[PDB]
Structure formats: C-alpha cells, structure tokens
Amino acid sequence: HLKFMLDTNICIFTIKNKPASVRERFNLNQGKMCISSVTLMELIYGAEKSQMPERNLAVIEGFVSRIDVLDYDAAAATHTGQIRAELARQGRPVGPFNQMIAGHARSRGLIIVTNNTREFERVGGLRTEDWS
C-alpha cells in the first residue's frame, strides 16, 4: 500500500545515486512509493530540454516503471485549489507545480518525500520527509 509520494528532486537524486542516501532509502521502501503525473511532467521536461533527449527519456521511462504514477484527478485538483487559496490568505509562496504535488499527496493521505522541506511545510495538513 502506498505511503510516499516522491517529489521531482527526490526522483532525480535516486536516478543519479546522488546524494547516495536517497537511492538507499528508496530501496528500503519499494512497493510503497509513487509520483504524481505532475512530477512525471517535470521529469519529461528535464529530459526533452537536455542535450541527450532520447537517452534521458529512456532513463525516466525505466525509473517510473518501477513505481506507480498517479493521475492528477478531481480530488487532487480540489485539494490543490483549497491549498492555493489558504496560501494566498497567509501570504505564503509555493511554486505552481509544488502546489499541485502537495494537493495530490494530501488528497491521497501520502507523505511527500522532498528536499524542499520549508516550502512544502507552508502547506497545511501535509507530512513530509527528506531522504538526502
């Protein structure tokens, strides 16, 4: 059963084995991890904008096949909308894709795994961990 939603940086760190501690923790939690399709979007952007698009796309494809990719659905969208309004009320900045990842995680009761701890902690009702 899913416990963790990995943020984009955490996926990249796992793929790069750097910081090595992230891949180590990844292997301790197999079967319990997923990403938002929003993170898949960020990963594909990284690959297609790179100097080696085909190679890096295959890397992403291989990586995501080992975990679940969750569709960003009405529940995720609604939590995200609520979160954005609350952040606006408090005058707190969170980047657009991170807002969506946060709402997606919260909509599924998942822990967000991220190295951007302070930013995600601006969001209410959301648990985070860092594996770095």
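Residues carry their position along the shown sequence, with the first being 1.
Between 56 to 64 and 77 to 85, the higher mean Cα B-factor belongs to 56 to 64. In this entry, 44 to 52 shows the higher mean Cα temperature factor of the pair 44 to 52 and 101 to 109.
Compared with the other modelled residues of the chain, the Cα B-factor recorded for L70 ranks in the lowest third. When the CA B factors of the chain's modelled residues are split into thirds, the value for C34 lands in the middle one.
Sort the modelled residues of the chain by CA B factor and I15 lands in the highest third. Placement of the Cα temperature factor of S21 within the chain: highest third of the modelled residues, per the deposited record.
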